[PDB]
Amino acid sequence: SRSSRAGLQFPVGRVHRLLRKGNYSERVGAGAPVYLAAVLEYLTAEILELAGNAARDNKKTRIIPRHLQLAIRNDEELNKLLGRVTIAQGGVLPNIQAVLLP
Amino acid sequence: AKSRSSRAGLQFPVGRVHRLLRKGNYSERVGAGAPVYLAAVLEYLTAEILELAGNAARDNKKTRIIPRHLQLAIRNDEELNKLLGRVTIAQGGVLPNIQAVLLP
Amino acid sequence: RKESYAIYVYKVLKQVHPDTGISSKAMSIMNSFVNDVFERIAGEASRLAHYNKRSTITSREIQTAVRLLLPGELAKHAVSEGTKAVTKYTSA
Amino acid sequence: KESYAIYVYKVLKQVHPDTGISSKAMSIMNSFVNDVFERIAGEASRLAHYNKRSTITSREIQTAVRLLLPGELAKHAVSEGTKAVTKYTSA
Amino acid sequence: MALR
Amino acid sequence: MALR
Amino acid sequence: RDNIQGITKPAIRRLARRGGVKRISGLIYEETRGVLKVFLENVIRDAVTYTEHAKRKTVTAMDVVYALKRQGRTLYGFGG
Amino acid sequence: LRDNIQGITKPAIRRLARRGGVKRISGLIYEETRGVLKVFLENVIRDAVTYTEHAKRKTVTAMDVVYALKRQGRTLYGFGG
Amino acid sequence: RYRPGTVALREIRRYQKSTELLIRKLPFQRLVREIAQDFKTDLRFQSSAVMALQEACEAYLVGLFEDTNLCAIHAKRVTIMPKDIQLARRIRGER
Amino acid sequence: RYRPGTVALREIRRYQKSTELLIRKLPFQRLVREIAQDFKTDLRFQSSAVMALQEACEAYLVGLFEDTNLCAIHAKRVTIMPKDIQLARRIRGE
DNA sequence: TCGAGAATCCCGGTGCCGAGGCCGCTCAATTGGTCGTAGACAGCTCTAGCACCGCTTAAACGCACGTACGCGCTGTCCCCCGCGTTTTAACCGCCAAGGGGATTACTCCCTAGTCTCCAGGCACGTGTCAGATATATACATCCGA
DNA sequence: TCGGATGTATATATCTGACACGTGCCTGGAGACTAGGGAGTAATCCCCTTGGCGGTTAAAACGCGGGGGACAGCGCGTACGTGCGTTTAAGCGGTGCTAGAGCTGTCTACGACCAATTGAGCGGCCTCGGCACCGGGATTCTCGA
């Protein structure tokens, strides 16, 4: 399989077919699915590492939307990446203005 | 008639728009009324903009349209300013507004 | 051979404001505006066709994208003009 | 219907062997993968069109990744993509 | 054509 | 798997 | 049908509290109603347009997601 | 190339603020304006240079700058595109 | 009795930690239907569609309130006001 | 001797009626080249590219100053301070 | 600084609703070959981006003044806030009906492709024209007297 | 309450660089014909939406007393506008040059396309485990002296 050959977890064949059927271009090179799949897997691993850390700090084992939102907003670079993105049932970051604090 | 634009009674190039739709990887196939509709929309938008640009030019006692006129025409109209709300016209300037508190 | 909307924009200007001119930089801005509107409409139409599992882009998709993209009165008049053009072309 | 849920779970077991994931979280992550895939494909498509080229290749993908990603994220995704491509061709 |  |  | 009154004052207070707000003015509720009404019309117009193009009568979560994406307000968790 | 931010002079910032309709200016506005302009310029230039590098060129083009501007949501008319 | 400024802080801390929906579902559903009436008649809705609408609306309102609070703090106040809301929205580029 | 603010309003009128560029061309170009030195050495620039950069930067700064003026007015003031610029940037999301 | 009064976190019981793992099928990914053409590469051209110079001169700069305006403070008062009571309708099952989404199959007409001619549109060529300064003059318009 | 000095709009000249029109001709748009398949239409089923009912009880509405913060006024000091004389480098017009952008030739390496497999991946199903909630105690806050 092309995913095992590439050394990844994401479906290189499915990604290739999506690239060819998404009407992005007339032709798709053979290395582009590998590149895109590697990037997708890396970004997923980043999010899940941070979210698992938040879940563990929360004394829970199951990652939930609150943990995902906590990880994303705590990470500044990922906050920039997912700027105009709402995460359902995610909430907000706890913060209060110091002037409002007594 | 001969040209596809003449049959539709338009000014914008129906055949050129059909070619661009086909070559743009927007879709695998393109219907035969789609370029007609798109060219009509483009012509209407160009007329809408150019009428107001000429109005501003005539207000400024001018006979030639300039980027300043295009900017005035776009920014003065409530809907064109909404369509082009994230566009920067080169050499356009800004609408002459002054806040009331600043005035004496 | 670089194609542009120069002659068509000038023809529209003649038909709308007969005794007026247009500078070349204003002409460049007009050309950019046309290219931008075409790209936005065609991109929304393609996205719509992908959503609906279609393969061809029709005047239905073009009209729906025009509705989605233009503010109210512009949308009304643009739809009227598109419908008129397609109707006359089909009648011919 | 198809989804990235199984591969996302595989990555999750790679990074946190003892951690579950709820269906809402999996749906959110599936949406995230779809959105980022669409963004990178769109940027590479625009690039290939700008260059009068009819092929999306690893160079187009790498440039799109560099355009979309901030700092360390781009610098690390580029390395992951390069390693994947190198290994894939070598095998 | 027909303007606003 | 090179993470940050 | 005066259904916008259903967005009651304590709910707007809860939203403000989640936004980190400590004191509220009396007119804030009536202004918030207008803001929210405008936002809802902006999204629902596009959702209904998508539904009409599909030749349907049930507005779908996919239609709502597309309507939100068109306005740079991408929503995650509903098949985005 | 060094210390070139000071080419953005205080009267130039005053003129930009006047076109923005500002009647009075604090003395510490000019350094802040220089910082903001630097950040915006760095973003735009990085994107344009990425485009030129991908095109195998040693020349930054108005088209590349325009593509960078459009990518940041700052579409610019008048220079083609 | 609890002095003013304490219960508000307690409520802030409580609501910035929970993640549930802060608007009543039946009133929101009725409002959505009434608004949609003007675009079409005899319209049905999916439950997930109404839920997505609520999620987007509540997130938008929370962000708007955060920016309104920044405007209030800038103006040397503690109480958010309609001028604060309007300033935040107009700087955001919606009015 | 004019009262303060009169020349300020006259300048607002002048520069809001005009449309030319308000930054100096050679200093702006040297700044652009210096900034691009950090991404790829020995890079050439088209004149059209530098003009486009300058038009973008001037328009962006003008809009930002408009928002800053609004913030200052909101604070019951007529002088713009760096807090106004910072708040405008935060609200815009930059 | 030193008392009490509540709010809420932590520990333990627990139950239960849906996630993790386990199969049957199946379509989609893989493997092999063949083939047309896209694009890497090589070379000659010619534009244009860079560099040096000399002169104006217009903008940038520094400085002295003084006047408006941030800014702190004090007092008033009215308007949110917190709290206890009565009132409203949301929420929760649960049932009943059926509208319409989602799927399969049969037609058939609309679009891609291909071979031709054939003019619309670009680059080139070329002659006239609206106006930015330049010079001079009249009309507001606040500032000192 | 009148007079003045600075900026701004008005009259007219000019020499211009810019543009609005005519043209070779070549490349792209239009005709003529077909081949297939995308989509329309019809029909069915059963998901999932909509409408009604009965209860309970948490949230909403409402009044009340007060204290806290919004706001108006006032006085001060400082920092920013204004104007003038001096210093600097931007701008303009040339002049020279070679890097690199762009275009032609070529021809091969890579991706599309097709037939035939065979397995990874998508639904149904179970079974049981960690977190929502509750009973009870203790820490962290606030409110009052």
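Excluded from the calculations below are hydrogen atoms, water molecules and symmetry mates; all remaining heavy atoms, backbone and side chain alike, are included. Each chain gets a letter, A, B and so on, in the order its sequence line appears, and its residues count up from 1.
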(message) Please check: side-chain N/O of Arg60(C) versus main-chain N/O of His53(G), any donor-acceptor pairing under 3.5 Å?
(response) yes
(request) Could you tell me whether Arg68(B) and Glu20(J) have a side-chain N and a carboxylate O separated by less than 4.0 Å? (result) no
(message) Any strand counts, and the cut-off is 3.5 Å on both contacts for Watson-Crick or G-U wobble. Which nucleotide pairs with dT87(L)?
(response) none
(message) In this structure, how many angstroms lie between the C1' atom of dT88(L) and the CG atom of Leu26(J), rounded?
(response) 14 Å
(message) In this structure, how many angstroms lie between the P atom of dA132(K) and the NZ atom of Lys62(B), rounded?
(response) 5 Å
(message) Distance alone, cut at 3.5 Å: any donor-acceptor contact between the side chains of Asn30(D) and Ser27(D)?
(response) no
(request) Return the 5'-most residue of the pair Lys23(H), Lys56(H) with respect to DNA chain K, ranking by each residue's nearest nucleotide. (result) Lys56(H)
(message) What contact category does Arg13(I) fall into here, base, sugar-phosphate, or nothing, at under 4.0 angstrom with non-hydrogen atoms?
(response) nothing
(message) Only pairs with both distances under 3.5 Å count, Watson-Crick or wobble alike; so what is the partner of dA99(L) in this structure?
(response) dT47(K)
(request) Tell me the partner of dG75(K), counting only Watson-Crick (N1-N3 plus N6-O4 or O6-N4) or G-U wobble (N1-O2 and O6-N3) with both under 3.5 Å; none if nothing fits. (result) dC71(L)
(request) Searching all strands shown, indicate the nucleotide that pairs with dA32(L) (Watson-Crick or G-U wobble; both distances under 3.5 Å). (result) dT114(K)
(request) Measure the distance from NZ on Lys21(A) to P on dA28(K) and round it to the nearest whole Å. (result) 9 Å
(request) Based on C1'-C2'-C3'-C4', put the sugar of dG3(K) on the north side (positive) or the south side (negative). (result) north
(request) Specify the separation, in whole Å, of atom NZ of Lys1(D) and atom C1' of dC122(L). (result) 9 Å
(message) If the threshold is 4.0 Å, N to carboxylate O, is there a salt bridge linking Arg19(B) and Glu3(C)?
(response) yes
(request) Please state the P separation for the pair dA115(L) and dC109(K) - nearest whole angstrom. (result) 29 Å
(request) Would you check if the side chain of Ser3(B) reaches a backbone N or O of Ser6(B) as a donor-acceptor pair within less than 3.5 Å? (result) yes
(message) Heavy-atom nearest nucleotide on DNA chain L for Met81(I) versus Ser24(C): which residue maps closer to 5'?
(response) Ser24(C)
(request) May I ask which nucleotide in the shown strands pairs with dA59(K), Watson-Crick or G-U wobble, both distances under 3.5 Å? (result) none
(message) For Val78(I) and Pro27(J), find the nucleotide of DNA chain L closest to each by heavy atoms; which residue's nucleotide sits nearer the 5' end?
(response) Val78(I)
(message) Expressed as a whole number of angstroms, how long is the span from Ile56(D):CD1 to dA38(K):P?
(response) 16 Å
(message) Using Watson-Crick or G-U wobble geometry with both distances under 3.5 Å, which nucleotide pairs with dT87(K)?
(response) none
(request) Figure out the CD/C1' separation between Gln5(G) and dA61(L), and round it to whole Å. (result) 13 Å
(request) Please evaluate the base of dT82(L) for a donor-acceptor partner in the side chain of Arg1(J) within a cut-off of under 3.5 Å? (result) yes
(request) Name the pairing partner of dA130(K), where a pair is Watson-Crick or G-U wobble with both distances under 3.5 Å, or state none. (result) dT16(L)
